[PDB]
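First up is the structure itself, then whatever we jot down about it.
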Amino acid sequence: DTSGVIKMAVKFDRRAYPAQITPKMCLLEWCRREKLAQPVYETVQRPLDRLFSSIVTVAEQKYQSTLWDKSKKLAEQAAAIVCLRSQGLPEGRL
């Protein structure tokens with residue numbers, strides 16, 4: 001079952017990665033090596049609180065952080081982390 005949404009409580013911290021290396025980049029490259037569709041991100045907002053989330057779809061499965069972020073870009077990195085971590089894949093961490 002590739003249904004519903006898989007979630008983890010994660011946040012993107014650039015200090016966890018080498019310079020110019022991000023979870024989004026790592027997820028894109030994993031999809032390219034496995035010849036899967038490229039990841040698709042969809043933005044979720046709570047505009048009242050100035051908050052963002054993102055749901056990423058990879059191999060027909062949706063992934064999303066349980067946490068909310070201050071920007072769309074930061075939320076997308078969090079979604080990519082959930083996708084990588086929940087599958088036990090490397091995310092480019094130091």
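Chain labels run A, B, ... following the order of the structure tokens; each chain numbers its residues from 1, and ligands are numbered from 1 in the order shown.
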DSSP on the backbone, strand (DSSP E or B) only: what residues of region 9-60 of chain A does that give? Format it as a PDB file with N, CA, C and O atoms, in the first residue's frame.
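Saved as selection_30.pdb:
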ATOM      1  N   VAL A  40       7.563  15.078  -6.445  1.00  0.00           N
ATOM      2  CA  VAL A  40       6.611  16.161  -6.620  1.00  0.00           C
ATOM      3  C   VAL A  40       6.253  16.727  -5.260  1.00  0.00           C
ATOM      4  O   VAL A  40       5.822  15.980  -4.390  1.00  0.00           O
ATOM      5  N   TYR A  41       6.420  18.041  -5.091  1.00  0.00           N
ATOM      6  CA  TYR A  41       6.132  18.714  -3.823  1.00  0.00           C
ATOM      7  C   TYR A  41       4.870  19.542  -3.939  1.00  0.00           C
ATOM      8  O   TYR A  41       4.671  20.246  -4.941  1.00  0.00           O
ATOM      9  N   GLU A  42       4.021  19.470  -2.919  1.00  0.00           N
ATOM     10  CA  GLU A  42       2.844  20.327  -2.865  1.00  0.00           C
ATOM     11  C   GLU A  42       2.793  21.070  -1.548  1.00  0.00           C
ATOM     12  O   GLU A  42       2.959  20.494  -0.478  1.00  0.00           O
ATOM     13  N   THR A  43       2.555  22.372  -1.633  1.00  0.00           N
ATOM     14  CA  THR A  43       2.632  23.219  -0.456  1.00  0.00           C
ATOM     15  C   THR A  43       1.330  23.256   0.335  1.00  0.00           C
ATOM     16  O   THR A  43       0.236  23.349  -0.238  1.00  0.00           O
ATOM     17  N   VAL A  44       1.459  23.162   1.651  1.00  0.00           N
ATOM     18  CA  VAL A  44       0.336  23.332   2.553  1.00  0.00           C
ATOM     19  C   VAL A  44       0.637  24.547   3.418  1.00  0.00           C
ATOM     20  O   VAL A  44       1.759  24.703   3.912  1.00  0.00           O
ATOM     21  N   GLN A  45      -0.359  25.407   3.607  1.00  0.00           N
ATOM     22  CA  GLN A  45      -0.129  26.634   4.371  1.00  0.00           C
ATOM     23  C   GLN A  45      -1.073  26.788   5.541  1.00  0.00           C
ATOM     24  O   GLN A  45      -2.216  26.340   5.503  1.00  0.00           O
ATOM     25  N   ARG A  46      -0.575  27.432   6.589  1.00  0.00           N
ATOM     26  CA  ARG A  46      -1.424  27.964   7.646  1.00  0.00           C
ATOM     27  C   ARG A  46      -1.107  29.459   7.714  1.00  0.00           C
ATOM     28  O   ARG A  46      -0.331  29.891   8.566  1.00  0.00           O
ATOM     29  N   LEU A  51       2.876  29.866   8.577  1.00  0.00           N
ATOM     30  CA  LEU A  51       3.522  28.549   8.602  1.00  0.00           C
ATOM     31  C   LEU A  51       3.342  27.804   7.279  1.00  0.00           C
ATOM     32  O   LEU A  51       2.365  28.029   6.547  1.00  0.00           O
ATOM     33  N   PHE A  52       4.294  26.924   6.979  1.00  0.00           N
ATOM     34  CA  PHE A  52       4.278  26.134   5.755  1.00  0.00           C
ATOM     35  C   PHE A  52       4.553  24.675   6.061  1.00  0.00           C
ATOM     36  O   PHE A  52       5.313  24.353   6.986  1.00  0.00           O
ATOM     37  N   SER A  53       3.945  23.808   5.264  1.00  0.00           N
ATOM     38  CA  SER A  53       4.321  22.396   5.223  1.00  0.00           C
ATOM     39  C   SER A  53       4.404  22.003   3.761  1.00  0.00           C
ATOM     40  O   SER A  53       4.072  22.794   2.879  1.00  0.00           O
ATOM     41  N   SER A  54       4.896  20.798   3.493  1.00  0.00           N
ATOM     42  CA  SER A  54       4.975  20.314   2.134  1.00  0.00           C
ATOM     43  C   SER A  54       4.789  18.817   2.150  1.00  0.00           C
ATOM     44  O   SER A  54       5.304  18.132   3.031  1.00  0.00           O
ATOM     45  N   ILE A  55       4.030  18.318   1.180  1.00  0.00           N
ATOM     46  CA  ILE A  55       3.851  16.890   0.996  1.00  0.00           C
ATOM     47  C   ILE A  55       4.611  16.507  -0.245  1.00  0.00           C
ATOM     48  O   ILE A  55       4.362  17.067  -1.314  1.00  0.00           O
ATOM     49  N   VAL A  56       5.552  15.583  -0.114  1.00  0.00           N
ATOM     50  CA  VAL A  56       6.289  15.135  -1.302  1.00  0.00           C
ATOM     51  C   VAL A  56       5.822  13.742  -1.694  1.00  0.00           C
ATOM     52  O   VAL A  56       5.580  12.871  -0.840  1.00  0.00           O
ATOM     53  N   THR A  57       5.646  13.546  -3.001  1.00  0.00           N
ATOM     54  CA  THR A  57       5.237  12.246  -3.519  1.00  0.00           C
ATOM     55  C   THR A  57       6.406  11.629  -4.266  1.00  0.00           C
ATOM     56  O   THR A  57       6.980  12.241  -5.179  1.00  0.00           O
ATOM     57  N   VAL A  58       6.766  10.416  -3.853  1.00  0.00           N
ATOM     58  CA  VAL A  58       7.876   9.663  -4.444  1.00  0.00           C
ATOM     59  C   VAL A  58       7.426   8.220  -4.593  1.00  0.00           C
ATOM     60  O   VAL A  58       6.949   7.621  -3.623  1.00  0.00           O
TER      61      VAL A  58
END
Do a neighbour search on residue 18 (chain A) at 12 Å with only C-alpha atoms, toss out local chain neighbours closer than 5 positions, and write the hits as a PyMOL selection string.
chain A and resi 13+23+26+91-94
Could you dump the residues just selected with N, CA and C atoms as a PDB file, in the first residue's frame?
ATOM      1  N   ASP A  13      18.140  21.400   8.973  1.00  0.00           N
ATOM      2  CA  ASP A  13      19.166  22.219   9.609  1.00  0.00           C
ATOM      3  C   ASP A  13      20.398  22.157   8.714  1.00  0.00           C
ATOM      4  N   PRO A  23      18.852  17.681   1.541  1.00  0.00           N
ATOM      5  CA  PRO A  23      17.980  16.516   1.361  1.00  0.00           C
ATOM      6  C   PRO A  23      17.249  16.526   0.033  1.00  0.00           C
ATOM      7  N   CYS A  26      19.560  15.194  -2.522  1.00  0.00           N
ATOM      8  CA  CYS A  26      19.797  13.767  -2.333  1.00  0.00           C
ATOM      9  C   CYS A  26      18.601  12.931  -2.779  1.00  0.00           C
ATOM     10  N   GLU A  91      20.790  10.721   3.417  1.00  0.00           N
ATOM     11  CA  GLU A  91      20.262  12.040   3.056  1.00  0.00           C
ATOM     12  C   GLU A  91      21.381  13.052   2.950  1.00  0.00           C
ATOM     13  N   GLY A  92      22.623  12.582   2.988  1.00  0.00           N
ATOM     14  CA  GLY A  92      23.747  13.480   2.796  1.00  0.00           C
ATOM     15  C   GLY A  92      24.198  14.131   4.088  1.00  0.00           C
ATOM     16  N   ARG A  93      23.747  13.595   5.222  1.00  0.00           N
ATOM     17  CA  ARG A  93      24.147  14.119   6.531  1.00  0.00           C
ATOM     18  C   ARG A  93      25.645  13.963   6.745  1.00  0.00           C
ATOM     19  N   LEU A  94      26.224  14.877   7.517  1.00  0.00           N
ATOM     20  CA  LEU A  94      27.633  14.791   7.879  1.00  0.00           C
ATOM     21  C   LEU A  94      27.942  13.502   8.635  1.00  0.00           C
TER      22      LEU A  94
END
Spatial neighbours of residue 80 (chain A), max dist 10 Å, only C-alpha atoms, sep filter under 2 positions, as a short mmCIF file (atom, residue, chain, number, x, y, z; two decimals) with N, CA, C and O atoms, in the first residue's frame:
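File produced: out-v9.cif:
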data_model
loop_
_atom_site.label_atom_id
_atom_site.label_comp_id
_atom_site.auth_asym_id
_atom_site.auth_seq_id
_atom_site.Cartn_x
_atom_site.Cartn_y
_atom_site.Cartn_z
N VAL A 10 10.66 15.99 11.78
CA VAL A 10 11.99 16.40 11.34
C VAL A 10 11.99 17.81 10.78
O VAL A 10 10.96 18.32 10.32
N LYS A 11 13.16 18.42 10.86
CA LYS A 11 13.38 19.76 10.36
C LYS A 11 14.73 19.84 9.67
O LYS A 11 15.68 19.13 10.05
N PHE A 12 14.80 20.66 8.63
CA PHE A 12 16.05 20.87 7.90
C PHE A 12 16.94 21.85 8.66
O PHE A 12 16.52 22.97 8.98
N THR A 22 21.85 19.22 0.06
CA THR A 22 20.57 19.26 0.79
C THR A 22 19.80 17.94 0.63
O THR A 22 20.07 17.17 -0.30
N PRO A 23 18.85 17.68 1.54
CA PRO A 23 17.98 16.52 1.36
C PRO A 23 17.25 16.53 0.03
O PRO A 23 17.11 15.45 -0.56
N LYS A 24 16.78 17.68 -0.43
CA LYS A 24 16.07 17.70 -1.71
C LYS A 24 16.98 17.20 -2.81
O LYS A 24 16.56 16.40 -3.66
N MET A 25 18.23 17.66 -2.82
CA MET A 25 19.18 17.21 -3.82
C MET A 25 19.40 15.70 -3.74
O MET A 25 19.45 15.01 -4.76
N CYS A 26 19.56 15.19 -2.52
CA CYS A 26 19.80 13.77 -2.33
C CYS A 26 18.60 12.93 -2.78
O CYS A 26 18.78 11.86 -3.36
N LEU A 27 17.39 13.40 -2.49
CA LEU A 27 16.20 12.67 -2.90
C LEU A 27 16.07 12.67 -4.43
O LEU A 27 15.75 11.65 -5.03
N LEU A 28 16.33 13.81 -5.05
CA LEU A 28 16.27 13.90 -6.51
C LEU A 28 17.23 12.89 -7.14
O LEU A 28 16.88 12.18 -8.09
N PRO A 39 10.66 13.73 -7.71
CA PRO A 39 9.76 14.03 -6.59
C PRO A 39 8.80 15.17 -6.93
O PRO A 39 9.17 16.09 -7.65
N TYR A 41 6.42 18.04 -5.09
CA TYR A 41 6.13 18.71 -3.82
C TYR A 41 4.87 19.54 -3.94
O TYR A 41 4.67 20.25 -4.94
N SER A 54 4.90 20.80 3.49
CA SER A 54 4.98 20.31 2.13
C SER A 54 4.79 18.82 2.15
O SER A 54 5.30 18.13 3.03
N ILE A 55 4.03 18.32 1.18
CA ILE A 55 3.85 16.89 1.00
C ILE A 55 4.61 16.51 -0.25
O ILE A 55 4.36 17.07 -1.31
N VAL A 56 5.55 15.58 -0.11
CA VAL A 56 6.29 15.14 -1.30
C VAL A 56 5.82 13.74 -1.69
O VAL A 56 5.58 12.87 -0.84
N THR A 57 5.65 13.55 -3.00
CA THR A 57 5.24 12.25 -3.52
C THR A 57 6.41 11.63 -4.27
O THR A 57 6.98 12.24 -5.18
N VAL A 58 6.77 10.42 -3.85
CA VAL A 58 7.88 9.66 -4.44
C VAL A 58 7.43 8.22 -4.59
O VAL A 58 6.95 7.62 -3.62
N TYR A 63 4.82 11.75 1.62
CA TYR A 63 5.60 11.95 2.83
C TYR A 63 5.52 13.40 3.29
O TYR A 63 5.52 14.31 2.46
N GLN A 64 5.54 13.62 4.60
CA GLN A 64 5.36 14.97 5.14
C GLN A 64 5.89 15.01 6.56
O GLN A 64 5.73 14.06 7.30
N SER A 65 6.52 16.12 6.96
CA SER A 65 6.94 16.25 8.35
C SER A 65 5.73 16.47 9.26
O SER A 65 4.71 17.01 8.81
N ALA A 75 10.05 23.81 4.28
CA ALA A 75 9.10 22.71 4.40
C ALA A 75 9.41 21.60 3.40
O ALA A 75 9.30 20.41 3.73
N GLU A 76 9.80 21.97 2.19
CA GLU A 76 10.14 20.97 1.18
C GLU A 76 11.36 20.14 1.61
O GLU A 76 11.43 18.94 1.38
N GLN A 77 12.35 20.80 2.23
CA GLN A 77 13.51 20.05 2.69
C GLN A 77 13.07 19.07 3.78
O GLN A 77 13.57 17.95 3.83
N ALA A 78 12.15 19.50 4.64
CA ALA A 78 11.68 18.61 5.70
C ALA A 78 10.96 17.40 5.11
O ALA A 78 11.20 16.28 5.53
N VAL A 82 11.84 13.31 5.47
CA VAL A 82 10.92 12.24 5.85
C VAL A 82 10.97 11.11 4.82
O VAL A 82 11.05 9.92 5.15
N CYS A 83 10.96 11.49 3.55
CA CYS A 83 11.01 10.51 2.47
C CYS A 83 12.27 9.65 2.57
O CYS A 83 12.20 8.42 2.51
N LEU A 84 13.42 10.29 2.74
CA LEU A 84 14.67 9.55 2.83
C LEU A 84 14.74 8.72 4.11
O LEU A 84 15.00 7.51 4.06
N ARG A 85 14.50 9.36 5.24
CA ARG A 85 14.67 8.68 6.52
C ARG A 85 13.71 7.53 6.73
O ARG A 85 14.10 6.47 7.26
N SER A 86 12.45 7.71 6.32
CA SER A 86 11.45 6.68 6.56
C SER A 86 11.74 5.43 5.73
O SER A 86 11.25 4.36 6.04
N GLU A 91 20.79 10.72 3.42
CA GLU A 91 20.26 12.04 3.06
C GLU A 91 21.38 13.05 2.95
O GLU A 91 21.13 14.25 2.87
#
Those in region 9-83 of chain A with helix (DSSP H, G or I) from DSSP, as a PyMOL selection string
chain A and resi 14-16+23-33+47-49+72-83
May I ask which of the residues A:50, A:4, A:19, A:81 is the closest one to residue 68 (chain A), counting only C-alpha atoms?
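Closest residue, counting only C-alpha atoms: A:50.
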